[PDB]
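Inspection log for the structure reproduced underneath, given as structure tokens.
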Ligand SMILES: [K+]
Ligand SMILES: [Zn+2]
Ligand SMILES: [Zn+2]
Ligand SMILES: [Zn+2]
Ligand SMILES: [Zn+2]
Ligand SMILES: [Zn+2]
Ligand SMILES: [Zn+2]
Ligand SMILES: [Zn+2]
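Chains as they are written, first to last, in the working numbering: chain F, 51 to 209; chain P, 980 to 1083; chain C, 348 to 495; chain B, 26 to 174; chain X, 472 to 547; chain V, 472 to 547.
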């Protein structure tokens, strides 16, 4: 359940969740002095029993607290985009914001729900994506490139 | 009241107490999300009031918890002796052990 | 001469702020001779105001003691140089340092407040007659806070 | 969905091998592991190479891996079916534990047999009452079945 | 541009921003690195109390400039 | 001196010792670094469980040798 993302430099084990083995998503510390993802440790309390997994001390839903100091230092760690050609780095914090406008990202089409690279979705109006809306040359009517064949009924433009 | 000592490399800001400005003795963290010595923050709630010193946010005796994770990390930092011509280096943990058997 | 004070001293001696000067007395290590400059776009342009700052036995658990030893026409500063400032007036934090105090004093000169006054007479004129109160502030700057 | 935990663990087992423990995933199933552990030093089993088979259930790591010996081994805590009487695998499993720590414990178990908490009752009984004979048969079983494979 | 900020404790944080960033944003980017909510921040620069709506270019802040953080002006 | 120890999660730490140290005080240096109390630690090396009474030189441990730490709750 933790932060699954390529860190560079790679994640120091102090921010590594000993259950899921990732960057600590909503990090929580135990009284015995343990760092876990809230979600992970709370399942470990559910299915494995009421104990800290690492030292066999006693543990419960209540007495764990959020390590807010550790969580912020976590989101400041530099990470790489997870789309193909990205070649770019940023703080983990703004991975989400960057994936919106990744240069090399893949975005399904508004019109054709065929997935398309962000660079080329700009070029995916002029060159017809198969449901893109052509404007008749020499009669001036709006129709969807899918339905051309039937518009060839209606270029008998009176006066 | 925090760990007054020559750290080497020198103490980084994350283990420094905003109140005393020294290594976090028996560190405690707020739910607000910052750190203080147990003694120091508890004195800040005695006198300066029920607030976090660094944010003006709510803070009570109850919701302070010990950042035990931080405390080790701190005791694992290497430090120098404080008697005159010593120059021995060690993990902070055994500073008191060494100053019992120290030279000057 | 407790550690918090010593570190804080040599911290602000090495990192001095634009137009804030603060040095301990040779005699007492808790008494600081302070001068803060009149800020940019302020009524007090070109002014150099002395201050007596002192650290009490309590410090840092209590706020420092601060007075203006130069006369200044200002609705939050009385004729004795006593100061109405949130930090050291009432709710204080032991996180705060001399550095932050002195900055907040500077920030007070940048934003005079008639609605949270100490000098009741000044703030009255400051609210109803801003223009004149500012001109008097400038006049007091020029008479008292130059070449001292 | 081949959960990161398992993957991360897998490529560490190959890259940072524990001395005398080999563990590789099956070419078909990523959760199934062909293991070989060495008969440890000064033991009954020294010189031995023992095949085991370890499998990760879908619960993992919230439930323990299921592992058995495929090689025949005279040991009070391993039955004829190759099931192992070792706490880690029974109750009070912990999701902090990893495959490495399982296999290391099995290696340890070969150095330190336990007749008092038996599984092969015939063997443990032998081990308590006549230890030298049991240990000598142990080296022979090692010799017959855990060399040249 | 990279600009310096001194928190209450005295240690120095450096932040990446451009001149068309509002103070609002600077306080939000301070919050992310120090946990102090935007309400509870007051930034001083060159003895001037910086306001939320306006931008870095409105106070002509340049590269390598040091902002200073203090607590909210809650006069009493 | 300066021995290696692989904790439960995979972390590799280093501990300064001398050969005539007991396993007991080694397990103490683990607790100081990693929070696990000595009662819950089990130390493995070349497939042997290291016992609390004996020393490191009694098991022929040396420079840069990697101990492995695992958990207890045994005999089940
Ligand atoms: K930390
Ligand atoms: Zn986790
Ligand atoms: Zn624990
Ligand atoms: Zn990208
Ligand atoms: Zn399309
Ligand atoms: Zn047409
Ligand atoms: Zn302190
Ligand atoms: Zn010494």
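Backbone N, C-alpha and C define an ideal beta-carbon position, used for all residues, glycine too.
Which residues in chain X sit within 7 Å of residue i, going by Cβ to Cβ distance?
i                      : result
residue 1033 (chain P) : 479 and 507
Just to check my reading of the structure: residue i and residue j have Cβ atoms closer than 8 Å, yes? What is that Cβ distance to the nearest angstrom?
i                      : j                      : result
residue 539 (chain X)  : residue 477 (chain X)  : 5 Å
residue 360 (chain C)  : residue 379 (chain C)  : Contact doesn't hold; Cβ gap of about 11 Å is too wide.
residue 101 (chain B)  : residue 149 (chain B)  : 4 Å
residue 125 (chain B)  : residue 107 (chain B)  : Actually they do not touch by this definition, with Cβ atoms about 20 Å apart.
residue 116 (chain B)  : residue 547 (chain V)  : 6 Å
residue 96 (chain B)   : residue 76 (chain B)   : 5 Å
residue 58 (chain F)   : residue 139 (chain F)  : 7 Å
residue 1048 (chain P) : residue 1065 (chain P) : Contact doesn't hold; Cβ gap of about 30 Å is too wide.
residue 128 (chain F)  : residue 146 (chain F)  : Between residue 146 (chain F) and residue 128 (chain F) the Cβ distance is about 15 Å, and since that is not below 8 Å, they are no contact.
residue 519 (chain V)  : residue 55 (chain B)   : Actually they are not in contact, since the Cβ atoms of residue 519 (chain V) and residue 55 (chain B) sit about 32 Å apart, beyond 8 Å.
Taking Cβ-Cβ distances shorter than 8 Å, what residues in chain P pair up with residue i?
i                     : result
residue 482 (chain X) : 992 and 995
Going along chain B, which residues have a C-beta under 8 Å from residue i?
i                     : result
residue 520 (chain V) : 133, 136 and 137
residue 54 (chain F)  : 29
Say the cut is 7 Å; is the CB of residue i nearer than that to a heavy atom of ligand 7?
i                      : result
residue 94 (chain B)   : no
residue 70 (chain F)   : no
residue 980 (chain P)  : yes
residue 1031 (chain P) : no
residue 1019 (chain P) : yes
Within this structure, are the beta carbons of residue i and residue j separated by less than 8 Å?
i                      : j                      : result
residue 86 (chain B)   : residue 120 (chain B)  : yes
residue 30 (chain B)   : residue 61 (chain F)   : no
residue 526 (chain V)  : residue 491 (chain V)  : yes
residue 390 (chain C)  : residue 484 (chain C)  : yes
residue 130 (chain F)  : residue 56 (chain F)   : yes
residue 181 (chain F)  : residue 194 (chain F)  : yes
residue 104 (chain F)  : residue 68 (chain F)   : yes
residue 353 (chain C)  : residue 452 (chain C)  : no
residue 1019 (chain P) : residue 980 (chain P)  : yes
residue 480 (chain V)  : residue 76 (chain F)   : no
residue 513 (chain X)  : residue 1035 (chain P) : no
residue 111 (chain F)  : residue 85 (chain F)   : no
residue 541 (chain X)  : residue 515 (chain X)  : yes
Is there at least one non-hydrogen atom of ligand 6 closer than 7 Å to the beta-carbon of residue i?
i                     : result
residue 178 (chain F) : no
residue 204 (chain F) : yes
residue 135 (chain F) : no
Can you list the residues of chain V that residue i reaches, using a CB-CB cut of under 7 Å?
i                      : result
residue 83 (chain F)   : 506
residue 1072 (chain P) : 503
Check the Cβ of residue i against every Cβ in chain X and list those closer than 9 Å, keeping chain order.
i                     : result
residue 444 (chain C) : 479, 480 and 481
Is any heavy atom in ligand 1 found nearer than 7 Å to the beta carbon of residue i?
i                     : result
residue 993 (chain P) : yes
residue 77 (chain F)  : no
residue 120 (chain F) : yes
Can you find a heavy atom of ligand 8 that lies under 7 Å from the Cβ of residue i?
i                      : result
residue 1077 (chain P) : yes
residue 494 (chain C)  : no
Whose Cβ in chain P lies nearer than 9 Å to the Cβ of residue i?
i                     : result
residue 542 (chain X) : 1033, 1034 and 1035
residue 438 (chain C) : 1027, 1028, 1030 and 1035
So which residues on chain C does residue i lean against when the C-beta distance must stay under 8 Å?
i                     : result
residue 524 (chain X) : Here the premise fails: no neighbours, minimum Cβ distance about 16 Å.
For residue i, which residues in chain V fall below 9 Å Cβ to Cβ?
i                      : result
residue 1055 (chain P) : 503 and 504
residue 45 (chain B)   : 517 and 518
Taking C-beta pairs closer than 7 Å, name the residues in chain F that residue i reaches, listed in chain order.
i                      : result
residue 1062 (chain P) : Neighbours of residue 1062 (chain P) on chain F: none; closest Cβ ~32 Å, over 7 Å.
residue 120 (chain B)  : 69, 94, 98 and 103
Should residue i be listed as close to ligand 4, given that the test is whether its C-beta is under 7 Å from any heavy atom?
i                     : result
residue 138 (chain F) : yes
residue 153 (chain F) : yes
Should residue i be counted as a contact of ligand 5 given a C-beta to heavy atom distance under 7 Å?
i                     : result
residue 174 (chain F) : yes
residue 996 (chain P) : no
residue 199 (chain F) : no
residue 453 (chain C) : no
If you measure from the beta carbon of residue i to each beta carbon in chain D, is any gap under 8 Å?
i                    : result
residue 86 (chain F) : Absent from the structure: chain D. Protein chains present are F, P, C, B, X and V.
Just the chain F side, please: which residues come within less than 8 Å of residue i by C-beta, in chain order?
i                    : result
residue 91 (chain B) : Residues of chain F passing the Cβ test: none, with the nearest at roughly 16 Å.
For ligand 2, is there any heavy atom lying closer than 7 Å to the beta carbon of residue i?
i                      : result
residue 87 (chain F)   : yes
residue 1011 (chain P) : no
List, in order along the chain, the chain P residues whose C-beta lies closer than 7 Å to that of residue i?
i                     : result
residue 407 (chain C) : 998
May I ask whether a heavy atom of ligand 3 can be found less than 7 Å away from the beta carbon of residue i?
i                     : result
residue 111 (chain F) : no
residue 483 (chain X) : no
residue 546 (chain X) : no
Task: Residues of the segment 30-41 of chain B with Cβ closer than 8 Å to any Cβ of chain F, in chain order - done: 30, 33 and 34
Task: Contact list for the segment 419-434 of chain C against chain X, Cβ threshold 9 Å - done: 423, 431, 432, 433 and 434
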